[PDB]
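Asker: piece number one of the complex, untouched:
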Amino acid sequence: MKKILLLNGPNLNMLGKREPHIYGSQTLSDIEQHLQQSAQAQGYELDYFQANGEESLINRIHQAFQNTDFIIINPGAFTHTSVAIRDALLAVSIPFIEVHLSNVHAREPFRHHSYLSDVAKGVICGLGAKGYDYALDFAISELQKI
Amino acid sequence: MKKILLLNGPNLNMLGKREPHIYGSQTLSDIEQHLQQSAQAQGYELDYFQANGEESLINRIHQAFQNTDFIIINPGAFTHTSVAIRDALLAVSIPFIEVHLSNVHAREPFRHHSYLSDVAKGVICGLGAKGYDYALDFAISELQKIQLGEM
Amino acid sequence: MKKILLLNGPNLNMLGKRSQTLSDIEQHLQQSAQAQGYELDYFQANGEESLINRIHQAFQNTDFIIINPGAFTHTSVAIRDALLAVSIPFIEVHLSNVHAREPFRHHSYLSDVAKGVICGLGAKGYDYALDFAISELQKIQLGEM
Amino acid sequence: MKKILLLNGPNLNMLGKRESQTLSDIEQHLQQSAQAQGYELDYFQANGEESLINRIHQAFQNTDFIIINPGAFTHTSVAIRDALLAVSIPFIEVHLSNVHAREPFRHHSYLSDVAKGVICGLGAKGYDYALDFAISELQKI
Amino acid sequence: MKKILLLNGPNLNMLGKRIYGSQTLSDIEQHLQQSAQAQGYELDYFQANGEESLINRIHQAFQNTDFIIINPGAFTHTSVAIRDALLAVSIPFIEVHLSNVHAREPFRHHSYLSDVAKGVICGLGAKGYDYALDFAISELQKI
Amino acid sequence: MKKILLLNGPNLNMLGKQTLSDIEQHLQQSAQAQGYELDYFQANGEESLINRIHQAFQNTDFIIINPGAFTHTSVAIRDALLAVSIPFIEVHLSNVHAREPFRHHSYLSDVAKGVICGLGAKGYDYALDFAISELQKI
Amino acid sequence: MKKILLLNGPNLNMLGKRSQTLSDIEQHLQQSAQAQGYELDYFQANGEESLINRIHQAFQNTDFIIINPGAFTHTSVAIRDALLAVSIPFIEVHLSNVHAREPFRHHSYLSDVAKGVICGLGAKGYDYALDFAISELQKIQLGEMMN
Amino acid sequence: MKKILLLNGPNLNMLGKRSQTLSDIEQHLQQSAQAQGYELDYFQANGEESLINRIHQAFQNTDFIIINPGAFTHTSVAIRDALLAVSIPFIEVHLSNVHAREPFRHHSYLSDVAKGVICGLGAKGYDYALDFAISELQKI
Amino acid sequence: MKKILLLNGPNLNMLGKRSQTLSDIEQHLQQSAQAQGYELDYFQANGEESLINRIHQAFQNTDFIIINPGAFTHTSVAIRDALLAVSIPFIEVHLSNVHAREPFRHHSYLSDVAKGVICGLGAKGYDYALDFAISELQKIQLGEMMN
């Protein structure tokens, strides 16, 4: 069974804020469960992980080496600052798609640069949580073509 | 009924025409037909247009004013040069998603800048033709919220 | 005789559509020029080819140009070169204050070669440009006299 | 009886032989024209920020619109920008020459982004247009 | 029969109507076509003031034209679209400019075409087109 | 109730090796003297600092932070502070403007209530006074 | 007896006119310093000449300066040089947070040579600056006794 | 007959107060000029208005200017424009070497329009400027 | 008994996994140093906190540091400050030539305060760094003897 790994960077654990399930908002837990179940329904295994530091994220990326076939990652702020995470993804040779919930290009100039975009298979920005859904569909289509 | 407009910019008509294919045998027409059929199958209308110049593209955008509810656009090279198209999209106040077949961030540095990305609802880059399918899916989700709001 | 050409760039045709429209401005300016004794032609287009062709057509028959290039102010070296090629003096006009918007709108490929620039005074900016254009043409007429 | 204040910055007092018609000519012309329309127009010129800023502060609560050609200070004076913002009086920036056609340092202004509008390169007529606009704005109020 | 396409961008139609002389764009087009044919080559020419017209002509040359000589005019500094059109049809080209672009404003120092052209000739007036044709033919002789 | 959190970034534990502990204890002492509770924390990594910031969500009323080197590199910490919506003041013992150019930029300054730089340990004293004054207004 | 000079730059005289005024701050600070045994003079002007002359006048008789240069923090190399010429330590104060405003307000010709900078804390910033100045002078005084 | 104007900008009055003062330089230059049959006026101020007004006052009656604008060399477009307005040739002088200081002191709004610039030679810089000014007035 | 600390940053643990491994290098350098009479400790981590904590722990007991910071050379002001805080001279080592890659790898927050930098010489770069560290310590020891 092919495996996909979902990675979320700093502060993404805070999604939903106060009482998320009171007006249609959602937590990271909701998103992780949704993607995991959806991948399983298609016959694929999907693992997920979230952390607020480079060491934790890099260690998880290294752990995926030789057992994971595709990665979906929203690095959060590390998108703009982490050359170390870029190098971790390059070191394990696993294709990945970069996802951002908000439109980074519409925010501060320092968010217009990514240390992952140029080496990612593709990037989806500004479509909210649905962006993860599209990334999962693409990941599976890539795994099917092999 | 709600309507979606698919817009493709300069050189996109060359898809599938290059011999040593980059994406494959698929042509722009294949993508246009596929998206229109998918939209109609879901109860939505979808028009499509492609041109290699700003005037043609801008005139089509203006023509969409007050009759089109969402736009899916792959501006091609104009994403890096066209403030005119940016202003046309803003002038008609129709939300849009920017799509690119290739990963613009993996090419020349000048392709890293866009006059549309910051005002687009979202951007999908590097996922080939599938990118248009995701854009259509998102467009429909937005139109559904609009329809509900009109109730 | 002595003729003036009003040129409006991309998206200006959308004025008052989303109360004064582009047509309202064009007709008003043309009538104002006529009352002052001058013939004013007008044209608007959303592309460089259409605009450049109109500029070329003005060569040798038009004496002054009033132009609001719209977004092309920031991108069109081609229109700059068209205006320079025909040697017709011009004033650049903008309805909104370009300096109060995004940084990329702070640069113009026309401002440095324009006789002058008027920005942020709405439609009245065109009236001032017309007044100046006429003053320049009067000097030309007397000079050839 | 609304009031308009005309302000001219450094070196404008030298108009005439500086790189015809003097500043005095322009000031008289504008004052008389404003008066003919039923408006009062005061004018002032100085070569320093303290003098100009003090005049701007003095206009607070008694002046309805400002027409200003800050001269070289358009490119260097954040202080005058802040004085104009502090008194909350709408203003139009005027330049006799085309600043965009000169040295690169003259391409930037600390007033343009907060001015109601800017007129550059039309000589003294620029002041006439600024006055017409000022009056039109006051007629609205 | 190998074919060469001469492309001229915005404002080139103003040549000889206003720097270089009485010679017009038509003069150059005819002269270059005559010279090409006299050497056993076919040459088409086209001029337009917009990206759409130029890009459409470039697409039309796909698979039937072997070399392009182009003076993009101002579009050399602004048109990524024309750059991509030339790359999409895979036809080698030489960029020509009558005036020396490096001796003018700083913004004319940048180009979206020069780095993908076979070569560039700038500042030699109308003779630049003659040299471009000579090079095109010499290159086609290789094949 | 009236809770203030003092946060110190990487390398501040090396102070005097006054010491960091001297500063932490003095601010706690002064906060207590005015009827406020103050907690303090210091760490050398973003994960540890971000986790402490998240832990303060909805239970801490004001933050006093000297991010150390992270002032110039951590967008992640900026986002953690924005995520918890707790007002804060940025403090630096040394005058960052008098040091290398890369220290002239802060990812926190524009979203902080204010910044105090160059007054040594006294800067923390003033930051605490300000925090209390802000909380009394609310 | 030690002396502190409070300097305020262009437009600060407009405080509370657009409820605390510049005068309120000046009087508050002077009263605070005097109550602690320190003399304090204050001055405000909208021009470089006036401010520079006042700075020169403080040479050899003033022990610390608290200055809110207003807009001149971003443009006045002349005031920077005046403060350096008289060798009097100073603290730069700003009511609003300059880092949260236009990019051009992010640069200062005084910050790098100031003892310290306080920005965005409102009028309280002046109080902290005064406290620091006095705390510094008190250490100097005790040092002189023990020397 | 011919007249030279010596101008000094902000903070120059502090020279020798932190042995030779500004006064010593002003008096020395005036005496040297008068001894050579030339008239020389001098002025110093810490603001643009004062300096610009003195420059305007020299219009059509002063033949050469020697100016040490102090910090205004880096910030005053106004003084640049005042000197251009009166069309009087000038030499820019600086006691210290501006190029050896902070990067912001490497730019000048006067240097490109000055006849020449002398920097880093201390008070002697003013002597050389005076010598040049006189040689210029001699060929006219 | 002088001591040298070998530090390796993010992703260095992947060496030879994509034949010589990081452990091969660590063991080799420790054996070489200790055969020369010098104690050598080694450590590797993928995060700033772990690396910084190890650097602080070296304070007052370590005489020289050999560090390949990995990607952190381009991003970590925090590690720069940790090394400066402990006042231990260090040599920066990189297996690949950082100047032959992307433009962003041309900048470092460590190179300007390092004793020296060795870049692009593969694993042997660590050997040269160790030789230099020992050379320095050997000159210091002889100096102490002759004094």
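Answerer: Sure thing, it's come through. Numbers count the residues shown, from 1 in each chain, chains lettered A, B, ... in the order given.
Asker: hey, let's count contacts and neighbours off CA atoms from now on
Answerer: OK.
Asker: all strands for chain A, in order.
Answerer: Counting by DSSP state E, chain A has these strands, from start to end: A:3-8, A:45-50, A:70-74, A:96-100, A:122-125.
Asker: would you list those strands in TSV and tack on mean neighbour count?
Answerer: Rendered in TSV, the data for these read as follows (neighbours: other CA atoms under 10 Å in any protein chain shown):
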stretch	mean neighbour count
strand A:3-8	22
strand A:45-50	18
strand A:70-74	25
strand A:96-100	26
strand A:122-125	27
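Asker: take these and lay them out in TSV including distance to chain G.
Answerer: Rendered in TSV, the data for those read as follows (distance: least, CA to the nearest CA, whole Å):
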stretch	distance to chain G
strand A:3-8	29
strand A:45-50	31
strand A:70-74	28
strand A:96-100	25
strand A:122-125	26
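Asker: for chain I, find the nearest of those strands.
Answerer: Between chain I and these, the shortest separation by CA to the nearest CA is 15.5 Å, and it involves strand A:45-50.
Asker: can you tell me the closest non-neighbouring residue to the residue positioned nearest the centre of chain A?
Answerer: Nearest to the centroid of the C-alpha atoms of chain A, with distances taken as CA atoms, centre = their mean, sits residue A:73, at 2.0 Å. Nearest-residue entry for residue A:73: residue A:7, 4.6 Å, with adjacent residues in sequence omitted and distances by CA to CA, 6 or more residues apart in numbering or on different chains.
Asker: so in terms of bridging, what pairs with that neighbour?
Answerer: Each beta-bridge partner of residue A:7 is listed here: residue A:49, residue A:73, as defined by DSSP bridges.
Asker: wait, isn't it in contact with residue A:78?
Answerer: No: counting by CA atoms under 8 Å, no contact exists between residue A:7 and residue A:78, whose distance comes to 12.0 Å.
Asker: which residues do the two both contact?
Answerer: With contacts defined as CA atoms under 8 Å, 6 or more residues apart in numbering or on different chains, no residue is shared by residue A:7 and residue A:78.
Asker: returning to what we had before: want to throw the strands of chain A into JSON lines with distance to residue A:63?
Answerer: Conversion of the strands of chain A to JSON lines gives the following (distance: least, CA to CA, whole Å):
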{"stretch": "strand A:3-8", "distance to residue A:63": "11"}
{"stretch": "strand A:45-50", "distance to residue A:63": "12"}
{"stretch": "strand A:70-74", "distance to residue A:63": "12"}
{"stretch": "strand A:96-100", "distance to residue A:63": "15"}
{"stretch": "strand A:122-125", "distance to residue A:63": "23"}
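Asker: what about the residue of chain A most remote from its centre, distance to chain B?
Answerer: Among the C-alpha atoms of chain A, the one most distant from their mean position (CA atoms, centre = their mean) is that of residue A:22, at 25.7 Å. Here the criterion is CA to the nearest CA, to the nearest Å. By it, residue A:22 lies 18 Å from chain B.
Asker: one more, chain J:
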Amino acid sequence: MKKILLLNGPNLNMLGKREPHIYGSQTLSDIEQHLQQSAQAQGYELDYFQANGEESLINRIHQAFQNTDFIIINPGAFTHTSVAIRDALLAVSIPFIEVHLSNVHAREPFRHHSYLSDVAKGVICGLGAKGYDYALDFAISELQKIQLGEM
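Answerer: Chain J now in position relative to the chains above:
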């Protein structure tokens, strides 16, 4: 009579010497001889010189003062670094055409800047050895205009 001076800068002497060829068996000497023979056959004088340093090149430029009428120069790497050669060419007031075998715009960004291109009559880049032939053709046409004007 009119004279043309052909100047070649640093490393040009390596032409046709690299095992794997870049341009061909053609050497610097071949080009020098070809141009000199061509110029002479048309009735013009042509000197040629090549050196790897500024002093040698500048001295040759000074030597050309008042006796040379046009210069064809391939400055090699010095086009990006030599203000001294720029000033030498300006000091002698001899018009010149800058030539480069390879396309300087298709290489590293630092090669996009030149201290000579802005003051050259024209520039030819990327056409190999033929670039020199075109430069010679133009130079002779310019010299003919001068001779014609000599009445």
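Asker: re earlier: show me the contacts for the residue nearest to the centre of chain A.
Answerer: Counting by CA under 8 Å, 6+ apart, residue A:73 makes contact with A:6, A:7, A:8, A:9, A:96, A:97, A:98, A:99.
Asker: repeat that with 10 Å
Answerer: With CA atoms under 10 Å, 6 or more residues apart in numbering or on different chains as the criterion, the residues that contact residue A:73 are A:5-9, A:48-50, A:79, A:96-100, A:116, A:120, A:123, A:132, A:135.
Asker: point me to the residue of chain A nearest chain F.
Answerer: residue A:53 (4.2 Å).
Asker: residue A:60 is in contact with that residue, correct?
Answerer: No: checked against CA atoms under 10 Å, the pair residue A:53 and residue A:60 is beyond contact range at 11.2 Å.
Asker: residue of chain A with the smallest distance to chain J?
Answerer: Counting by CA to the nearest CA, chain A gets nearest chain J through residue A:118, at 19.5 Å.
Asker: so what's the residue count around that residue?
Answerer: Each residue near residue A:118 was counted by other CA atoms under 10 Å in any protein chain shown, and the total is 17.
Asker: can you tell me how far it is from chain C?
Answerer: The spacing between residue A:118 and chain C, counted by CA to the nearest CA, is 25 Å.
Asker: if you drop the residues flanking it in sequence, what lies closest to that residue?
Answerer: Of all residues not flanking residue A:118 in the chain, residue B:106 sits nearest, at 4.1 Å (CA to CA, 6+ apart).
Asker: and the closest residue to chain E within chain A, what does it touch?
Answerer: Residue of chain A nearest chain E, by CA to the nearest CA: residue A:118 (19.6 Å). Residues counted as contacts of residue A:118 (CA under 10 Å, 6+ apart) are A:86, B:103, B:104, B:105, B:106, B:107, B:112, B:126.
Asker: cool, residue A:91 as well?
Answerer: Residue A:91 makes contact with A:61, A:62, A:65, A:85, I:11, I:12, I:14, I:15, I:17, I:18 under the criterion CA under 10 Å, 6+ apart.
Asker: quick one: the first one and residue A:72 touch, right?
Answerer: Read it as residue A:61. No: between residue A:61 and residue A:72 there is no contact under CA under 10 Å: 11.3 Å.
Asker: so what's the residue count around residue A:81?
Answerer: Every residue meeting other CA under 10 Å relative to residue A:81 is counted, giving 24.
Asker: enumerate every residue touching it.
Answerer: Residue A:81 makes contacts with A:75, A:110-111, A:113-116, F:73-76, I:74-76, as judged by CA under 10 Å, 6+ apart.
Asker: now do residue A:28
Answerer: Residues near residue A:28 by CA under 10 Å, 6+ apart: A:8, A:12, A:13, A:14, A:15, A:16, A:34, A:50, A:129.
Asker: following sequence is chain K, add it:
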Amino acid sequence: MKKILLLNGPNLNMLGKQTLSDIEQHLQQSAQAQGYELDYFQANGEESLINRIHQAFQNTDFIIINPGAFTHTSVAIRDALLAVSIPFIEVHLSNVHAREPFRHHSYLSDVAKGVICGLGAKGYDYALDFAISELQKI
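Answerer: Placing chain K onto the earlier chains gives this:
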């Protein structure tokens, strides 16, 4: 056999006025200690240095070069090294990154096999070790 060429640029002859000669002789000694031949050359101008590089074409296997000031200004020397296709290692006695900003850029670093900077004369020793190492994996 294998030949290595040591090149030193402008002003390096002023060393100690160890000396430049101390370094040249030490590398020659160490090269011969492993059966390799090593030539050395120093000059204060581009023409002299470039001519020596051209002279090494097809007879020299590796170059060790400290371009001195030319590291920051000479595109011509970069192109000479590329023209002769001889791999090289760049060396600097002082730490260029710790000096003026203009010394932070090198026209050789991106095309060199490696760079050693700030280790004084020993940097040359290591550069030689590397050169010999490279000539053996072959």
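Asker: in light of the added chain K, please revisit the contacts of residue A:91.
Answerer: Remark: with contacts taken as CA under 10 Å, 6+ apart, residue A:91 is in contact with A:61, A:62, A:65, A:85, I:11, I:12, I:14, I:15, I:17, I:18.
Asker: what's the farthest-apart pair in those residues?
Answerer: Maximum pairwise distance among these (CA to CA): 17.5 Å, between A:85 and I:17.
Asker: tell me the contacts of residue A:75?
Answerer: With contacts defined as CA under 10 Å, 6+ apart, residue A:75 is in contact with A:7-12, A:50-52, A:54, A:57, A:81-82, A:85, A:98-100, A:114, A:116.
Asker: give me that answer again for 8 Å
Answerer: Taking CA under 8 Å, 6+ apart as the contact definition, residue A:75 lies against A:7, A:8, A:9, A:10, A:98, A:99.
Asker: my guess is the fifth one contacts residue A:119. True?
Answerer: In this case it means residue A:98. No: under the criterion of CA under 8 Å, residue A:98 lies out of contact with residue A:119, with a separation of 9.6 Å.
Asker: list the buried residues of stretch A:136-146.
Answerer: For stretch A:136-146, burial by neighbour count (16 or more other CA atoms under 10 Å in any protein chain shown) applies to A:136, A:138, A:139, A:140.
Asker: could you do stretch A:77-95 as well?
Answerer: Buried, per 16+ other CA under 10 Å, within stretch A:77-95: A:77-92, A:94-95.
Asker: for it, C-alpha coordinates in PDB please.
Answerer: Output in PDB follows, covering the C-alpha atoms of stretch A:77-95 (Å, rounded to 0.1, in the frame of the first residue of the first chain):
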ATOM      1  CA  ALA A  77       5.900  30.500   8.600                       C
ATOM      2  CA  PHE A  78       8.900  28.200   7.900                       C
ATOM      3  CA  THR A  79       7.900  28.600   4.200                       C
ATOM      4  CA  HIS A  80       9.700  31.900   4.300                       C
ATOM      5  CA  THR A  81      12.600  31.100   6.700                       C
ATOM      6  CA  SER A  82      13.600  27.400   6.600                       C
ATOM      7  CA  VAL A  83      16.400  26.400   4.300                       C
ATOM      8  CA  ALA A  84      16.800  23.500   6.600                       C
ATOM      9  CA  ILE A  85      13.400  22.000   5.800                       C
ATOM     10  CA  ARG A  86      14.000  22.600   2.100                       C
ATOM     11  CA  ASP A  87      17.200  20.500   2.400                       C
ATOM     12  CA  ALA A  88      15.500  17.800   4.400                       C
ATOM     13  CA  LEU A  89      12.900  17.300   1.700                       C
ATOM     14  CA  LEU A  90      15.600  17.300  -1.000                       C
ATOM     15  CA  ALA A  91      17.600  14.800   1.100                       C
ATOM     16  CA  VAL A  92      14.900  12.200   1.200                       C
ATOM     17  CA  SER A  93      13.900  12.600  -2.500                       C
ATOM     18  CA  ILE A  94      10.100  12.400  -1.900                       C
ATOM     19  CA  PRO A  95       8.000  14.500  -4.200                       C
END
